[PDB]
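Notes follow the structure.
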Amino acid sequence: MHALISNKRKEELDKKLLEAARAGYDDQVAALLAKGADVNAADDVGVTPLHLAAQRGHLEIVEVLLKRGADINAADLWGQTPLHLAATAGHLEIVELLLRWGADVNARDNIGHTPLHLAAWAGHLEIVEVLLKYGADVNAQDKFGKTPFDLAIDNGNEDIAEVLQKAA
Amino acid sequence: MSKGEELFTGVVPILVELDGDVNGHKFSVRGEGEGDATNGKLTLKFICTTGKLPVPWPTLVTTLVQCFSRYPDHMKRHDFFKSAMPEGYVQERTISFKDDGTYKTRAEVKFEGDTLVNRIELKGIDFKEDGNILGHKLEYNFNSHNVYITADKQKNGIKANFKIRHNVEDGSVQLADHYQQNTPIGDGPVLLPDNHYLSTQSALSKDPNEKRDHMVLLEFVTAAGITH
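Residue numbers (the numbering used here), protein chains in the order written: chain A, 65 to 232; chain B, 137 to 364.
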């Protein structure tokens with residue numbers, strides 16, 4: 065039928081968009097977006113093009129996808145948002161862009177980690193400062209009761225621990 | 137050594153294949169996911185594909201990849217798993233449950249194609265029929281544990297031992313003592329770590345769109361113990 069053919073072609077377009085976003089082809093991403101691909105498409109595990117673009121550090125693709133209507137607060141099977149992946153990867157510009165566009169700064173994954181938790185765990189000072197600028201909760205606690213200061217102090221991070229101590 | 141470290145410099149797909157029999161019952165679980173060795177992140181999903189699993193899911197968490205554990209820059213010399221990866225290693229496990237049956241586990245971890253494959257063989261004996269395990273009396277959660285790794289100096293492997301504490305639905309803790317030993321497969325010099333330990337965190341979830349026996353797992357692992 066025409067309906068089934070339309071659905072199959074749309075699914076092929078969504079798969080092509082996801083592959084292009086993972087690979088980092090901005091031209092193909094824009095071309096597929098113009099042709100009618102779904103910007104909110106997801107895998108079987110719930111991973112969206114914004115997730116891959118933010119995790120792999122494609123700033124231009126992230127900004128292009130934001131202007132089309134990509135949900136900036138979307139969780140996969142493991143409860144991660146694009147801000148979580150961007151903060152744990154260490155991309156400062158994508159984190160800043162997500163925060164400006166209105167990313168939730170106090171979202172929690174399946175373990176209760178916040179973006180500040182992952183920023184302290186990975187060991188990026190600039191991301192910690194940027195997240196604290198926009199109103200991150202220093203005293204957040206995960207399921208096991210650990211705090212972003214504890215994760216910093218027990219992982220060998222020194223300057224991040226000092227900053228978190230100053231922030232109280 | 138350095139080649140294994142260079143291998144784990146990004147997101148690596150992970151395939152896990154387990155087949156086993158406990159008290160005669162037969163099952164085989166297939167799992168797929170991704171791992172990030174830079175931060176110790178692991179995101180996996182497991183399916184039973186043979187019906188209903190005869191045992192509670194958490195009991196198989198420790199059996200279902202030590203090479204994706206984060207090691208700080210001052211501990212890079214104590215990374216045995218990455219140093220022996222391109223060919224893989226062999227894990228022998230004895231899981232003695234408290235006042236219940238035991239598990240014997242033989243696994244091989246190899247790097248095939250672009251993916252990392254963990255192949256496991258299980259054998260469970262002496263389990264009761266009204267007990268927590270075979271009676272399905274364990275709840276859906278997982279705690280955090282410390283795994284102590286020491287050297288062997290004779291078999292080019294390492295030794296480990298720890299205790300998993302499960303949670304019964306009646307407010308009780310069941311203690312499963314795990315004994316482990318790792319041996320290399322390929323014939324090449326590998327790093328032999330000093331005595332240290334690994335800290336672990338896990339979170340078990342559920343997929344609302346899967347109509348089978350599934351288990352979603354998110355896991356973080358790090359190394360500690362040594363001061364530099």
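Using N, Cα and C, we set each Cβ at its ideal position, and we do this for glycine too.
The alpha-carbon of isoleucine 294(B) is positioned some 7 Å away from that of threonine 319(B).
For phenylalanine 233(B), the pairing in a beta bridge is given by DSSP as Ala312(B). Under the Cβ criterion of 8 Å, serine 341(B) is counted among the residues facing chain A.
In the same chain as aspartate 140(A), and ignoring 5 residues on each side of it, the C-beta atoms closer than 6 Å to its own belong to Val109, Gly110 and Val111, in chain order. Annotated three-state conformation of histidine 66(A) is helix, per DSSP. Closer than 8 Å to the CB of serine 205(B) there is not a single CB belonging to chain A. Boundaries of the beta strand (DSSP E) harbouring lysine 240(B): 238-248, taken from the DSSP string. Put simply, the CB of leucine 141(A) is near chain B, with a gap under 8 Å to one of its CB atoms. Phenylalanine 208(A) sits exposed, since fewer than 16 C-beta atoms from the chains shown fall within 10 Å of its C-beta.
Bridge pairing for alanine 296(B): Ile285(B) and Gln316(B) [DSSP]. For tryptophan 185(A), at least one C-beta of chain B is nearer than 8 Å to its own C-beta. Bridge partners of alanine 204(A) according to DSSP: none are assigned. The residue from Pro329(B), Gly237(B) and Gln317(B) with its alpha-carbon nearest to that of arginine 229(B) is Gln317(B). In the structure shown, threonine 178(A) adopts coil according to DSSP, grouped into three states. One alpha carbon belongs to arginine 120(A), the other to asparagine 203(A), and they sit about 29 Å apart. Look at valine 111(A) here: in three-state DSSP terms it is coil, with no helix or strand label. Taking 8 Å as the cut-off, the beta carbon of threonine 152(A) is found closer than this to the beta carbon of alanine 186(A). When the Cα atoms are used, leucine 156(A) and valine 352(B) turn out to be separated by approximately 30 Å.
A distance below 6 Å between beta-carbons, with the five flanking residues on each side excluded, links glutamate 76(A) to no residue of its chain.
In the structure shown, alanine 360(B) falls within a strand segment according to DSSP collapsed to helix, strand and coil.
Residues of chain A with a Cβ closer than 9 Å to the Cβ of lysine 246(B) do not exist, since the nearest Cβ in that chain sits about 24 Å away. For the options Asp157(B), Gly160(B) and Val152(B), the alpha carbon positioned closest to that of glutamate 170(B) is the one of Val152(B). Counted as a single uninterrupted DSSP element, the alpha helix (DSSP H) harbouring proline 212(A) occupies residues 212-218. By the C-beta density criterion, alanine 232(A) is exposed, having fewer than 16 other C-beta atoms within 10 angstroms. Residues of the region 177-191 of chain B with a Cβ closer than 8 Å to any Cβ of chain A, in chain order: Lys177, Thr179 and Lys181. The residues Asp206, in chain order, have a CB closer than 6 Å to that of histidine 177(A) in the same chain once the five nearest residues on each side in sequence are set aside. Sequence-distant partners of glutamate 275(B) (beyond 5 residues in either direction) whose C-beta falls short of 6 Å from its own C-beta, in its chain, are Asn303 and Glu305.
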